[PDB]
Each structure stands twice: as C-alpha cells, then as structure tokens.
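Asks: Dropping in data_36.csv, with CSV, N, CA and C atoms and all ligand atoms.
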```csv
chain,number,residue,atom,x,y,z
Y,1,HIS,N,0.8,-1.2,0.0
Y,1,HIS,CA,0.0,0.0,0.0
Y,1,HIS,C,0.9,1.2,0.0
Y,2,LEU,N,0.6,2.2,-0.9
Y,2,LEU,CA,1.3,3.4,-1.0
Y,2,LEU,C,0.9,4.4,0.1
Y,3,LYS,N,1.9,5.1,0.6
Y,3,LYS,CA,1.6,6.1,1.6
Y,3,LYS,C,2.2,7.4,1.2
Y,4,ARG,N,1.7,8.5,1.9
Y,4,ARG,CA,2.2,9.8,1.6
Y,4,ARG,C,3.6,10.0,2.0
Y,5,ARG,N,4.6,10.1,1.1
Y,5,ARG,CA,6.0,10.1,1.4
Y,5,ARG,C,6.7,11.1,0.5
Y,6,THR,N,7.9,11.5,0.9
Y,6,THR,CA,8.8,12.3,0.1
Y,6,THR,C,10.0,11.4,-0.2
Y,7,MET,N,10.3,11.3,-1.5
Y,7,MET,CA,11.4,10.5,-2.1
Y,7,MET,C,12.3,11.3,-2.9
Y,8,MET,N,13.6,10.9,-3.0
Y,8,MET,CA,14.5,11.5,-3.9
Y,8,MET,C,15.0,10.4,-4.9
Y,9,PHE,N,15.0,10.7,-6.2
Y,9,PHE,CA,15.4,9.8,-7.2
Y,9,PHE,C,16.6,10.3,-7.9
Y,10,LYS,N,17.6,9.4,-8.2
Y,10,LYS,CA,18.8,9.7,-9.0
Y,10,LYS,C,18.5,9.4,-10.4
Y,11,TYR,N,18.6,10.3,-11.3
Y,11,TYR,CA,18.4,10.1,-12.7
Y,11,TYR,C,19.7,9.9,-13.5
Y,12,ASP,N,19.8,8.9,-14.3
Y,12,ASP,CA,21.0,8.5,-15.0
Y,12,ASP,C,21.2,9.5,-16.2
Y,13,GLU,N,22.4,9.5,-16.8
Y,13,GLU,CA,22.6,10.4,-17.9
Y,13,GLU,C,21.8,10.0,-19.1
Y,14,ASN,N,21.4,8.7,-19.2
Y,14,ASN,CA,20.5,8.3,-20.3
Y,14,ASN,C,19.1,8.6,-20.0
Y,15,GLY,N,18.7,9.0,-18.8
Y,15,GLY,CA,17.4,9.4,-18.4
Y,15,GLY,C,16.7,8.4,-17.4
Y,16,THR,N,17.3,7.2,-17.2
Y,16,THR,CA,16.7,6.3,-16.3
Y,16,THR,C,16.9,6.6,-14.9
Y,17,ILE,N,16.1,6.0,-14.0
Y,17,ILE,CA,16.3,6.1,-12.5
Y,17,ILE,C,17.2,5.0,-12.0
Y,18,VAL,N,18.2,5.3,-11.3
Y,18,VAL,CA,19.2,4.3,-10.9
Y,18,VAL,C,19.3,4.1,-9.4
Y,19,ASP,N,18.8,5.1,-8.6
Y,19,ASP,CA,18.8,5.0,-7.2
Y,19,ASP,C,17.7,5.8,-6.6
Y,20,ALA,N,17.3,5.5,-5.3
Y,20,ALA,CA,16.2,6.1,-4.6
Y,20,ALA,C,16.5,6.2,-3.1
Y,21,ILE,N,15.9,7.2,-2.5
Y,21,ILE,CA,16.0,7.3,-1.0
Y,21,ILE,C,14.6,7.7,-0.5
Y,22,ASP,N,14.2,6.9,0.5
Y,22,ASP,CA,12.9,7.2,1.2
Y,22,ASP,C,13.3,8.1,2.4
Y,23,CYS,N,13.0,9.4,2.3
Y,23,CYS,CA,13.5,10.4,3.3
Y,23,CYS,C,12.9,10.2,4.7
Y,24,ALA,N,11.9,9.4,4.9
Y,24,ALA,CA,11.4,9.1,6.2
Y,24,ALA,C,11.8,7.8,6.8
Y,25,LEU,N,12.8,7.2,6.2
Y,25,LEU,CA,13.2,5.8,6.7
Y,25,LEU,C,14.1,5.9,7.9
Y,26,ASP,N,15.3,6.5,7.8
Y,26,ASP,CA,16.2,6.5,8.9
Y,26,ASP,C,16.9,7.9,8.9
Y,27,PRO,N,17.6,8.2,10.0
Y,27,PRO,CA,18.3,9.5,10.0
Y,27,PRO,C,19.3,9.8,8.9
Y,28,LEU,N,19.9,8.7,8.4
Y,28,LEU,CA,20.9,8.9,7.3
Y,28,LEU,C,20.1,9.3,6.0
Y,29,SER,N,18.9,8.7,5.8
Y,29,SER,CA,18.1,9.1,4.6
Y,29,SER,C,17.6,10.5,4.8
Y,30,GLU,N,17.3,10.9,6.0
Y,30,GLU,CA,16.9,12.3,6.3
Y,30,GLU,C,18.0,13.3,6.0
Y,31,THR,N,19.2,12.9,6.4
Y,31,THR,CA,20.4,13.7,6.1
Y,31,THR,C,20.6,13.8,4.6
Y,32,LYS,N,20.5,12.7,3.8
Y,32,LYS,CA,20.6,12.7,2.4
Y,32,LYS,C,19.5,13.6,1.8
Y,33,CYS,N,18.3,13.6,2.3
Y,33,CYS,CA,17.2,14.3,1.8
Y,33,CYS,C,17.3,15.8,2.1
Y,34,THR,N,17.9,16.2,3.3
Y,34,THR,CA,18.1,17.6,3.6
Y,34,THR,C,19.0,18.2,2.6
Y,35,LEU,N,20.1,17.5,2.2
Y,35,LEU,CA,20.9,17.9,1.0
Y,35,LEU,C,20.2,17.4,-0.2
Y,36,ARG,N,20.9,17.5,-1.4
Y,36,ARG,CA,20.4,16.9,-2.6
Y,36,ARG,C,21.4,15.9,-3.2
Y,37,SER,N,22.1,15.1,-2.3
Y,37,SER,CA,23.1,14.2,-2.8
Y,37,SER,C,22.9,12.9,-2.1
Y,38,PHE,N,23.3,11.8,-2.9
Y,38,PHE,CA,23.3,10.5,-2.4
Y,38,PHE,C,24.6,10.1,-1.6
Y,39,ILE,N,25.6,11.0,-1.7
Y,39,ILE,CA,26.9,10.8,-1.0
Y,39,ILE,C,27.0,12.0,0.0
Y,40,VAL,N,27.2,11.7,1.3
Y,40,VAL,CA,27.4,12.6,2.3
Y,40,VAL,C,28.8,12.5,2.8
Y,41,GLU,N,29.5,13.6,3.0
Y,41,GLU,CA,30.8,13.7,3.5
Y,41,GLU,C,30.8,13.6,5.1
Y,42,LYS,N,32.0,13.5,5.7
Y,42,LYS,CA,32.1,13.4,7.1
Y,42,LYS,C,31.7,14.8,7.7
Y,43,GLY,N,30.8,14.8,8.7
Y,43,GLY,CA,30.4,16.0,9.4
Y,43,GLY,C,29.1,15.8,10.1
Y,44,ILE,N,28.6,16.9,10.6
Y,44,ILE,CA,27.4,17.0,11.4
Y,44,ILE,C,26.4,17.9,10.6
Y,45,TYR,N,25.2,17.4,10.3
Y,45,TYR,CA,24.3,18.2,9.4
Y,45,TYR,C,23.0,18.4,10.2
Y,46,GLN,N,22.5,19.6,10.1
Y,46,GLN,CA,21.1,19.9,10.6
Y,46,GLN,C,20.1,19.4,9.6
Y,47,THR,N,19.1,18.6,10.0
Y,47,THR,CA,18.2,18.0,9.1
Y,47,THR,C,16.8,18.6,9.3
Y,48,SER,N,16.1,18.7,8.2
Y,48,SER,CA,14.7,19.1,8.2
Y,48,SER,C,13.8,17.9,8.6
U,1,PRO,N,61.9,63.4,30.9
U,1,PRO,CA,61.1,62.9,32.1
U,1,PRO,C,62.0,62.4,33.2
U,2,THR,N,61.5,62.7,34.4
U,2,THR,CA,62.2,62.2,35.6
U,2,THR,C,61.5,61.1,36.4
U,3,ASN,N,60.2,60.8,36.0
U,3,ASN,CA,59.5,59.8,36.6
U,3,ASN,C,58.7,59.0,35.6
U,4,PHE,N,57.8,58.1,36.0
U,4,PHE,CA,57.0,57.3,35.1
U,4,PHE,C,55.8,56.8,35.8
U,5,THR,N,54.8,56.3,35.0
U,5,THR,CA,53.6,55.7,35.5
U,5,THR,C,53.4,54.4,34.8
U,6,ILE,N,53.2,53.3,35.5
U,6,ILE,CA,52.8,52.0,35.0
U,6,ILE,C,51.3,52.0,34.8
U,7,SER,N,50.8,52.0,33.6
U,7,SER,CA,49.4,52.2,33.2
U,7,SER,C,48.9,50.8,32.7
U,8,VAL,N,47.7,50.4,33.2
U,8,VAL,CA,47.1,49.2,32.7
U,8,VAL,C,45.7,49.7,32.2
U,9,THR,N,45.4,49.4,30.9
U,9,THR,CA,44.2,49.8,30.2
U,9,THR,C,43.6,48.6,29.6
U,10,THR,N,42.3,48.7,29.4
U,10,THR,CA,41.5,47.6,28.8
U,10,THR,C,41.1,47.9,27.4
U,11,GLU,N,41.2,46.9,26.5
U,11,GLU,CA,40.6,46.9,25.2
U,11,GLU,C,39.7,45.8,25.0
U,12,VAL,N,38.5,46.1,24.6
U,12,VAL,CA,37.4,45.1,24.4
U,12,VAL,C,37.2,44.8,22.9
U,13,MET,N,37.4,43.6,22.5
U,13,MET,CA,37.2,43.2,21.1
U,13,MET,C,36.2,42.1,21.0
U,14,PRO,N,35.2,42.2,20.1
U,14,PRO,CA,34.4,41.1,19.8
U,14,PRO,C,35.2,40.0,19.0
U,15,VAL,N,34.8,38.8,19.2
U,15,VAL,CA,35.5,37.6,18.6
U,15,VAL,C,34.5,36.8,17.8
U,16,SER,N,33.3,36.5,18.4
U,16,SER,CA,32.3,35.6,17.8
U,16,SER,C,30.9,36.2,18.1
U,17,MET,N,30.0,35.7,17.3
U,17,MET,CA,28.6,36.0,17.6
U,17,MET,C,27.8,34.7,17.7
U,18,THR,N,26.5,34.8,18.0
U,18,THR,CA,25.7,33.6,18.2
U,18,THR,C,25.5,32.8,16.8
U,19,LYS,N,25.6,31.5,16.9
U,19,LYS,CA,25.4,30.7,15.7
U,19,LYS,C,24.0,30.3,15.6
U,20,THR,N,23.3,30.7,14.5
U,20,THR,CA,21.9,30.5,14.3
U,20,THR,C,21.7,29.6,13.1
U,21,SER,N,20.6,28.8,13.2
U,21,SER,CA,20.2,27.9,12.1
U,21,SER,C,18.7,28.1,11.9
U,22,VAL,N,18.3,28.0,10.6
U,22,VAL,CA,16.9,28.2,10.2
U,22,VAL,C,16.4,27.0,9.5
U,23,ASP,N,15.2,26.5,9.9
U,23,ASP,CA,14.5,25.6,9.1
U,23,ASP,C,13.4,26.3,8.2
U,24,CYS,N,13.6,26.2,6.9
U,24,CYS,CA,12.6,26.9,6.0
U,24,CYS,C,11.2,26.4,6.1
U,25,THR,N,11.0,25.1,6.2
U,25,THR,CA,9.7,24.6,6.1
U,25,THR,C,8.9,24.9,7.4
U,26,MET,N,9.6,25.1,8.5
U,26,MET,CA,8.9,25.5,9.8
U,26,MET,C,8.6,27.0,9.7
U,27,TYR,N,9.5,27.8,9.2
U,27,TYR,CA,9.3,29.2,9.2
U,27,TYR,C,8.3,29.7,8.2
U,28,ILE,N,8.5,29.3,6.9
U,28,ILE,CA,7.6,29.8,5.8
U,28,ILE,C,6.3,29.1,5.9
U,29,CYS,N,6.2,27.8,6.1
U,29,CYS,CA,5.0,27.0,6.0
U,29,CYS,C,4.5,26.4,7.3
U,30,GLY,N,5.4,26.3,8.3
U,30,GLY,CA,4.9,25.6,9.5
U,30,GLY,C,4.8,24.1,9.3
U,31,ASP,N,3.5,23.6,9.5
U,31,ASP,CA,3.2,22.2,9.4
U,31,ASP,C,2.3,21.9,8.2
U,32,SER,N,1.8,22.9,7.5
U,32,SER,CA,0.9,22.6,6.4
U,32,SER,C,1.6,22.0,5.2
U,33,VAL,N,1.0,20.9,4.7
U,33,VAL,CA,1.7,20.2,3.6
U,33,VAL,C,1.4,20.9,2.2
U,34,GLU,N,0.4,21.6,2.1
U,34,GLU,CA,0.1,22.4,0.9
U,34,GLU,C,1.2,23.4,0.6
U,35,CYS,N,1.5,24.2,1.7
U,35,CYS,CA,2.6,25.2,1.5
U,35,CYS,C,3.9,24.5,1.3
U,36,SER,N,4.2,23.3,1.9
U,36,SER,CA,5.4,22.6,1.6
U,36,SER,C,5.5,22.2,0.2
U,37,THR,N,4.4,21.6,-0.4
U,37,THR,CA,4.4,21.2,-1.8
U,37,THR,C,4.6,22.4,-2.7
U,38,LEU,N,4.0,23.6,-2.4
U,38,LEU,CA,4.2,24.8,-3.2
U,38,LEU,C,5.6,25.4,-3.0
U,39,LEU,N,6.2,25.2,-1.9
U,39,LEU,CA,7.5,25.7,-1.6
U,39,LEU,C,8.6,24.8,-2.3
U,40,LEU,N,8.2,23.6,-2.6
U,40,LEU,CA,9.1,22.7,-3.4
U,40,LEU,C,9.3,23.2,-4.8
U,41,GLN,N,8.4,24.0,-5.3
U,41,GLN,CA,8.5,24.6,-6.6
U,41,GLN,C,9.4,25.8,-6.7
U,42,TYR,N,9.9,26.3,-5.6
U,42,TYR,CA,10.8,27.5,-5.6
U,42,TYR,C,12.3,27.2,-5.7
U,43,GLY,N,12.6,25.9,-5.8
U,43,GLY,CA,14.0,25.5,-6.1
U,43,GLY,C,14.9,25.5,-4.8
U,44,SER,N,16.1,26.0,-5.0
U,44,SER,CA,17.2,25.9,-4.0
U,44,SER,C,17.4,27.2,-3.2
U,45,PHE,N,16.4,28.0,-2.9
U,45,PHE,CA,16.5,29.1,-2.1
U,45,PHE,C,17.1,28.7,-0.7
U,46,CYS,N,16.4,27.8,-0.1
U,46,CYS,CA,16.7,27.4,1.3
U,46,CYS,C,18.0,26.6,1.5
U,47,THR,N,18.4,25.8,0.4
U,47,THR,CA,19.7,25.2,0.5
U,47,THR,C,20.8,26.3,0.5
U,48,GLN,N,20.6,27.4,-0.3
U,48,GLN,CA,21.5,28.5,-0.3
U,48,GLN,C,21.5,29.2,1.1
T,1,LIG,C1,23.3,4.7,-22.2
T,1,LIG,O1,22.9,4.1,-23.4
T,1,LIG,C2,23.9,3.7,-24.3
T,1,LIG,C3,23.3,3.3,-25.6
T,1,LIG,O2,22.5,2.1,-25.4
T,1,LIG,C4,24.8,2.6,-23.6
T,1,LIG,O3,25.9,2.3,-24.4
T,1,LIG,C5,25.3,3.2,-22.3
T,1,LIG,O4,26.0,2.2,-21.6
T,1,LIG,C6,24.2,3.7,-21.4
T,1,LIG,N1,24.8,4.3,-20.3
T,1,LIG,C7,24.5,3.9,-19.0
T,1,LIG,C8,25.2,4.7,-17.9
T,1,LIG,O5,23.8,3.0,-18.7
T,2,LIG,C1,57.4,59.1,41.1
T,2,LIG,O1,56.1,59.1,41.5
T,2,LIG,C2,55.7,58.3,42.6
T,2,LIG,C3,54.2,58.3,42.7
T,2,LIG,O2,53.7,59.5,43.0
T,2,LIG,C4,56.5,58.8,43.8
T,2,LIG,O3,56.2,58.0,44.9
T,2,LIG,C5,58.0,58.8,43.5
T,2,LIG,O4,58.7,59.4,44.6
T,2,LIG,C6,58.3,59.6,42.3
T,2,LIG,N1,59.7,59.6,42.0
T,2,LIG,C7,60.4,60.7,41.8
T,2,LIG,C8,61.9,60.4,41.5
T,2,LIG,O5,60.0,61.8,41.9
```
What is this structure when it is put down as structure tokens?
Replies:
Amino acid sequence: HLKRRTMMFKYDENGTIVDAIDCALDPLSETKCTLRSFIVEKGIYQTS
Amino acid sequence: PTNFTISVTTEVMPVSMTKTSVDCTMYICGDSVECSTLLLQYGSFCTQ
C-alpha cells in the first residue's frame, strides 16, 4: 500500500532512474534528503 | 622625564557572535503540507 511520502530519485545520464532514497526511513536518509546528494561527507548536518 | 607611570588599560574586542540555524519549512510554511508542496517549486533558495 502506497503512503504519503517524500522521495529523492537519482536520474541517469541516459534518463533512467538508478537510485532512490525514502526520506522518512532513517536519520541517514533524512540527512541525504536535507541535502540533494546520495553521498554525504564526514560532518554533522542539521536535518529538516 | 624624571618619573614614570605604569598604566594598565582595557581593550574590548568582539570575537564571535551567536550561531543560528533556520528551518525553512517550519518558518515559511509551519506544518501545512500544501505550503510545503508549493515551496518545493521554488528551487534551492533554502539550500543557499
Ligand atoms: C546509455 O545508453 C547507451 C546506448 O545504449 C549505452 O551504451 C550506455 O552504456 C548507457 N549508459 C549507462 C550509464 O547505462
Ligand atoms: C614618582 O612618582 C611616585 C608616585 O607619585 C612617587 O612615589 C615617587 O617618589 C616619584 N619619583 C620621583 C623620582 O620623583
């Protein structure tokens, strides 16, 4: 069953979707969703 | 001169100020999801 969620999708250079993040899953996904990147560097980030 | 005075004076210098952080979704829209969806169309103002 689909629920009201916010997701971030990574689009390939050919146009396809290659990765996804459910922003409500864990604090790491919330950190990734606060920025716009699938790769987070070392540090402390304030999250929405 | 035939004498001298040992003078101690104070100089007050600011060094730092308070570190503040802002959540855009709480400030602009609060908790309403309609405003959050409409704010998603404004791009990367809040990342900046
Ligand atoms: C994009 O498509 C081309 C043509 O089929 C293919 O050679 C290439 O490997 C694709 N690139 C990726 C990153 O999948
Ligand atoms: C210099 O001033 C101090 C403080 O008033 C005094 O005690 C001392 O005698 C003075 N020295 C001379 C050489 O006048």
Asks: Throw together the list of residues within 8 Å of ligand LIG 2 (chain T), counting only C-alpha atoms and all ligand atoms, and drop it here as a list in words.
Replies: residues 2, 3, 4 and 5 of chain U
Asks: Could you save those same residues with N, CA and C atoms as a compact mmCIF listing (two decimals), in the coordinates of the input?
Replies:
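Writing the result to again05.txt gives the following:
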```txt
# COMPACT_ATOMS: atom_id res chain seq x y z
N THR U 2 61.50 62.70 34.40
CA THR U 2 62.20 62.20 35.60
C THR U 2 61.50 61.10 36.40
N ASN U 3 60.20 60.80 36.00
CA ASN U 3 59.50 59.80 36.60
C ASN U 3 58.70 59.00 35.60
N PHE U 4 57.80 58.10 36.00
CA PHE U 4 57.00 57.30 35.10
C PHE U 4 55.80 56.80 35.80
N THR U 5 54.80 56.30 35.00
CA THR U 5 53.60 55.70 35.50
C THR U 5 53.40 54.40 34.80
```
Asks: Pull the strand (DSSP E or B) assignments for chain Y out of DSSP run on the backbone, and list those residues as a list in words.
Replies: residues 7, 8, 9, 10, 11, 17, 18, 19, 20, 21 and 22 of chain Y
Asks: Could you list, as a PDB file with N, CA and C atoms, in the frame of the given file, all the residues within 8 Å of ligand LIG 1 (chain T), counting all atoms listed in the file?
Replies:
```pdb
ATOM      1  N   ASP Y  12      19.800   8.900 -14.300  1.00  0.00           N
ATOM      2  CA  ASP Y  12      21.000   8.500 -15.000  1.00  0.00           C
ATOM      3  C   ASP Y  12      21.200   9.500 -16.200  1.00  0.00           C
ATOM      4  N   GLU Y  13      22.400   9.500 -16.800  1.00  0.00           N
ATOM      5  CA  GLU Y  13      22.600  10.400 -17.900  1.00  0.00           C
ATOM      6  C   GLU Y  13      21.800  10.000 -19.100  1.00  0.00           C
ATOM      7  N   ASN Y  14      21.400   8.700 -19.200  1.00  0.00           N
ATOM      8  CA  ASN Y  14      20.500   8.300 -20.300  1.00  0.00           C
ATOM      9  C   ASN Y  14      19.100   8.600 -20.000  1.00  0.00           C
ATOM     10  N   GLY Y  15      18.700   9.000 -18.800  1.00  0.00           N
ATOM     11  CA  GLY Y  15      17.400   9.400 -18.400  1.00  0.00           C
ATOM     12  C   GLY Y  15      16.700   8.400 -17.400  1.00  0.00           C
ATOM     13  N   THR Y  16      17.300   7.200 -17.200  1.00  0.00           N
ATOM     14  CA  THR Y  16      16.700   6.300 -16.300  1.00  0.00           C
ATOM     15  C   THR Y  16      16.900   6.600 -14.900  1.00  0.00           C
TER      16      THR Y  16
END
```
Asks: Find the residues in chain Y near chain U: any atom within 8 Å counts, using only N, CA and C atoms. Write them as number ranges by chain.
Replies: Y: 34-35, 47-48
Asks: How many Å separate atom CA of residue Y:26 from atom CA of residue Y:3?
Replies: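 Going from atom CA of residue Y:26 over to atom CA of residue Y:3, I get 16.3 Å.
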Asks: What is the atom CA of residue U:46-atom N of residue Y:28 distance in Å, reported with one decimal?
Replies: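 Going from atom CA of residue U:46 over to atom N of residue Y:28, I get 20.3 Å.
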Asks: May I ask for the distance between atom N of residue Y:23 and atom N of residue Y:6, given in Å to one decimal place?
Replies: 5.7 Å
Asks: Could you pull out the residues in chain Y that DSSP calls alpha helix (DSSP H) from the backbone, as a list in words?
Replies: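 Written out, the alpha helix (DSSP H) residues of chain Y are residues 27, 28, 29, 30, 31, 32, 33 and 34 of chain Y.
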